[PDB]
Amino acid sequence: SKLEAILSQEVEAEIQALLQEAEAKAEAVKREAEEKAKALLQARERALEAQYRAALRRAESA
Amino acid sequence: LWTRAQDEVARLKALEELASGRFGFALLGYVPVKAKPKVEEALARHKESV
């Protein structure tokens, strides 16, 4: 009862701190997912920029 | 040093004779009626009188 509450709140605090660091692990997963997302979108930005920039170059020369 | 070592070794050998309950522990003893007050005073000195 009393000792239930004491030891169970202890296990609560331990696994709550550890599972919020696991939430920080999930947040680093989301962080790197945003990193890959911005690398995807910005590399596609550079790709469309360079491709249609060279297309303007080619239409200019023609 | 040998007195403190015998005290700690007796504590280890007595804790070997305990009963653990997976982050819990059981204890069973036999003490006379003439020392029930000091036993209750020692048991009050637990974490919350566990």
# chains A, B, ... in the order shown; residues from 1 in each chain; ligands from 1

call {"tool": "interface_residues", "arguments": {"of": "chain A", "to": "chain B", "cutoff": "10 Å", "atoms": "only C-alpha atoms", "output": "number ranges by chain"}}
result
A: 2-4, 6-7, 11

call {"tool": "select_by_dssp", "arguments": {"residues": "chain B", "states": "strand (DSSP E)", "output": "MDAnalysis selection string"}}
result
chainID B and resid 19:20 25:26

call {"tool": "write_last_selection", "arguments": {"atoms": "N, CA and C atoms", "output": "compact mmCIF listing (two decimals), in the first residue's frame"}}
result
# COMPACT_ATOMS: atom_id res chain seq x y z
N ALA B 19 14.88 -13.09 1.69
CA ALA B 19 13.91 -13.51 0.68
C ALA B 19 13.53 -12.29 -0.15
N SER B 20 13.97 -12.26 -1.40
CA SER B 20 13.77 -11.11 -2.27
C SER B 20 12.56 -11.34 -3.18
N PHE B 25 11.38 -7.25 -0.97
CA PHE B 25 12.09 -8.21 -0.14
C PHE B 25 11.27 -8.54 1.09
N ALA B 26 11.31 -9.81 1.47
CA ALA B 26 10.62 -10.33 2.64
C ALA B 26 11.64 -10.65 3.72

call {"tool": "atom_distance", "arguments": {"atom1": "atom CA of residue B:16", "atom2": "atom CA of residue B:28"}}
result
13.0 Å

call {"tool": "atom_distance", "arguments": {"atom1": "atom CA of residue B:37", "atom2": "atom CA of residue A:1"}}
result
24.4 Å
